[PDB]
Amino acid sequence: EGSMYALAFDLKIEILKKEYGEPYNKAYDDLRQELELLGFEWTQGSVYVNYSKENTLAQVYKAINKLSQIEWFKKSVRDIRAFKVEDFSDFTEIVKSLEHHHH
């Protein structure tokens, strides 16, 4: 069936603070649950990946919609992107760490 999608974004802390208030880091906890629910999994600081293969495109439109309802997000967001991911590979994680070079 269809392909997978990645969701990535960045917030302007300066204004994030005002439209949310400290501790502002709690804001990322919020978005997390919301995005988790739509099938998007937390991969690393503001980059979510829904690994589903069904009607995923639909999930992005849903996620964008939800975010659009969260005032503090609309006002602080610097950028928000959606990548169509045809295939991935963690190869690195382990290779990166273990692999040693004898010169």
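A residue's number is simply how far along the shown sequence it sits, counting from 1.
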> If you average the Cα B factors in the entry, which is higher, 74-82 or 28-36?
Replying inline: 28-36
>> Quick check on the record: does 83-91 or 13-21 carry the larger mean Cα temperature factor?
In response: 83-91
> Relative to the other modelled residues in the chain, which third contains the C-alpha temperature factor of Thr43: lowest, middle or highest?
Replying inline: highest
> Once the chain's modelled residues are ordered by C-alpha B factor and cut into thirds, is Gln69 in the lowest, middle or highest one?
Replying inline: middle
